[PDB]
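# Structural features, examined
Read off the chains here:
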Amino acid sequence: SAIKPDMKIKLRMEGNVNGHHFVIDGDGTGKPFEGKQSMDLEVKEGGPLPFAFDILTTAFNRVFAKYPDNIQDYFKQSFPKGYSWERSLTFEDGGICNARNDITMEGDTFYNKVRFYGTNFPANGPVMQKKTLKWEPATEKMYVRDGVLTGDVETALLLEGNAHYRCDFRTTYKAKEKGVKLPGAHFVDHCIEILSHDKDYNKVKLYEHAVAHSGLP
């Protein structure tokens, strides 16, 4: 196996939300076979961000997911060459984001070239007013559409004041090597948490745990 039980993560994101430009760098570690990762993020340009940091976090690698032997693990099988993904995010009030990640591996480290573009967020809405608290835990449904591995998530952000702000997202995933075999349909349960942050979210520590399963006990 190319993938070690302990791996480092290096990341750069560039993006633009509602016209606001930003650059965020990330440094982290994780355990591919246990489905756990954590990382320190730092805003390098455009800070303090004028929108809810939480909209970014799912863009900050399905290699970090515990797969049982009975499900084909497309992500681990994509290395060393790597893979990329593209995601569209649709929010209940018309906010739309497109994000992509190109993931490579050199030695013990995954490098991530992330781009994130968001538009059409209402100025009075929870994103531009910074009213979000967290993503609720979510299940990603994995299946093949027109020969492309596709994951769908229907989820929500919890807001201040006991309200939820719904978001649907679709991600398509493509190995760089031709001939990595596609898996059968399955599910991946996710939990993502901001562990700590400073005053305006210029520095954030982020954690994710993810487990693949076939839907039964």
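Per the deposited record, X-ray crystallography is how this structure was determined, to a resolution of 1.750 Å.

With that out of the way, let us pick up the side chain of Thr 150. Counting through the fold element by element, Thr 150 comes out in strand β9 (residues 148-159). For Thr 150, a relative accessible area of 2% puts it in the buried group. A distance of 3.0 Å separates a polar atom in the side chain of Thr 150 from the backbone oxygen of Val 148. Discounting residues that sit within four places of it in the chain, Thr 150 has contacts with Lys 141, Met 142, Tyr 143, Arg 145, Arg 170, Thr 171 and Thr 172.

Time to look at the environment of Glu 154. Relative to the helices and strands, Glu 154 is located in strand β9. Along the sequence, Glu 154 and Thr 139 sit 15 residues apart, while their C-alpha atoms lie 7.9 Å from each other. What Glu 154 contacts, discounting residues up to four positions off in sequence, is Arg 166, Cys 167 and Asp 168.

Moving on: the packing of aromatic side chains. Across all of its chains, the model carries 13 aromatic pairs by this definition. Judged by centre distance (5.9 Å) and plane angle (90°), the rings of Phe 79 and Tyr 83 are edge-to-face. Each of the two residues, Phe 79 as well as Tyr 83, counts as buried. Site record: aromatic cluster; members linked through ring pairs are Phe 64, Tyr 74, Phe 75, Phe 79, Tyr 83, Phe 110 and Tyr 173.

Residue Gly 47 is joined to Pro 48 through a cis peptide bond whose omega torsion reads -5°. You can see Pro 48 is positioned in the loop between β3 (36-45) and β4 (83-91). Omega for the peptide link from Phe 79 to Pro 80 comes to 15°, which places this bond in the cis form. Position of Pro 80 relative to the elements: it lies in the loop between β3 and β4.

Rules and cut-offs
- Residues numbered from 1 in each chain as written, not as in the entry; some residues may be left out.
- Heavy atoms only, no water.
- Residues with missing side-chain atoms left out of burial classes, pairs and counts.
- Helix = DSSP H or I, 4+ residues; strand = E, 2+ residues; numbered from the N terminus.
- Buried < 20%, exposed > 50% of the residue type's maximum accessible area, 1.4 Å probe, protein only.
- Polar contact = N/O pair within 3.5 Å; in protein donor to acceptor, adjacent residues only side chain to side chain.
- Contact = heavy atoms within 4.5 Å.
- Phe/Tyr/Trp six-rings, centres within 6.5 Å; stacked < 30°, edge-to-face > 60°.

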